[PDB]
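Only one chain is shown below, in structure tokens, and it's the form solved without nicotinamide-adenine-dinucleotide (NAD).
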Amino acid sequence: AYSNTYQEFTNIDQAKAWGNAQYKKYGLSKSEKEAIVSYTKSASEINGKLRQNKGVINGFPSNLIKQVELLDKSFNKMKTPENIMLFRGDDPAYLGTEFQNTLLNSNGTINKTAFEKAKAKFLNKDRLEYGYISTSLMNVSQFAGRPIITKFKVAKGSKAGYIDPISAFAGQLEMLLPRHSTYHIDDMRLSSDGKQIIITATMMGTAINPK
């Protein structure tokens, strides 16, 4: 129809080759790579601070400010040449503290009532994320244990970096997205296998554009 087409990697060997190919052309500086390595080693803490302070970094320790600004600007060199689907998994808290202990039933499946509340709260609305967004080119094993799977539709030209080869601690086929990014949740449904929430969203972009 009038919908756009987003590619999805289904072969890990090619996803790795494709990502490696993009990486080879970034021309990242030594300090930019170190910033990315540092991010992979303290992602939880950095994103936690970003959320806590709503994206304002002036109060962060000087060293962290430098790291964040380096990472922010590194995206000027990292764009995806294709419309691509990116994946990530999340725990109930992602939907809000109110679901942290209400989304799942004692058997693995997810309560339908809580799920219905999740839709009214997020379906057909823009969502702003203060932290950076770690994703993978494929639905890697690192997930499949999380109750929430999000599929982001990222358009050609968007800021997105394949950091899998930059850090020993990056996730498998990890594609990092800029912080302070907004996306629109287009669809929310249960997995057809024993309940699970599959979220499909269109990535709109980031407000962090240095230069």
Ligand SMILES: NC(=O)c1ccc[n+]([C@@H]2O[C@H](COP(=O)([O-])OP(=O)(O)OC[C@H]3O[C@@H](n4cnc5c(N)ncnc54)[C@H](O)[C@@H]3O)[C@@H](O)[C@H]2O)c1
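Only residues modelled in both forms are compared. By rigid core we mean the largest C-alpha set that fits within 1.5 Å across both forms. Residue indices: 1-based, along the sequence shown.
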State which stretch shows the higher mean Cα B factor in the entry: 74-82 or 109-117. 109-117
Stretch with higher mean Cα temperature factor, 145-153 vs 158-166, is 145-153
Among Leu95, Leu128, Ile133, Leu137 - the residue whose C-alpha B-factor is largest in the record: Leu95
In terms of CA temperature factor as recorded, identify the highest of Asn11, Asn20, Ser192, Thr202. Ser192
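Keep in mind that the form solved in complex with nicotinamide-adenine-dinucleotide (NAD) is missing from the display, and what follows is about it.
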Using the spot nicotinamide-adenine-dinucleotide (NAD) takes in the entry with it bound, and overlaying the site C-alphas onto this chain, is the pocket open or blocked (blocked: 3 or more ligand atoms within 2.4 Å of backbone or C-beta atoms)? open
Non-hydrogen atom contact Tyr26 with nicotinamide-adenine-dinucleotide (NAD) in the entry with it bound at 4.5 angstroms: no
Touches nicotinamide-adenine-dinucleotide (NAD) in the entry with it bound: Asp90 (any heavy atom, 4.5 Å): yes
Given that nicotinamide-adenine-dinucleotide (NAD) is not shown alongside this chain, does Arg51 nevertheless sit within 4.5 Å of it in the entry with it bound, heavy atom to heavy atom? yes
Would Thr135 count as a contact of nicotinamide-adenine-dinucleotide (NAD) in the entry with it bound, using a 4.5 angstroms cut-off between non-hydrogen atoms? yes
Go through 155-185 residue by residue and record those having a heavy atom within 4.5 Å of nicotinamide-adenine-dinucleotide (NAD) in the entry with it bound; state none if no residue qualifies. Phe169, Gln172, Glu174
Single mover in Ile148, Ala170, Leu176, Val154, with Cα shift of 2 Å or more between this form and the one not shown when the core is superposed: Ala170
In the entry with it bound, do the Cα atoms of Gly171 and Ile133 sit closer or farther apart than here, given a shift of 3 Å or more? farther
Note on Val68-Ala170 C-alpha separation in the entry with it bound, which departs from the shown form by 3 angstroms or more: farther
What parts move between this form and the one not shown when you lay the two on the core: runs of 3+ residues, each CA off by 2 Å or more? 143-145, 167-171, 193-195
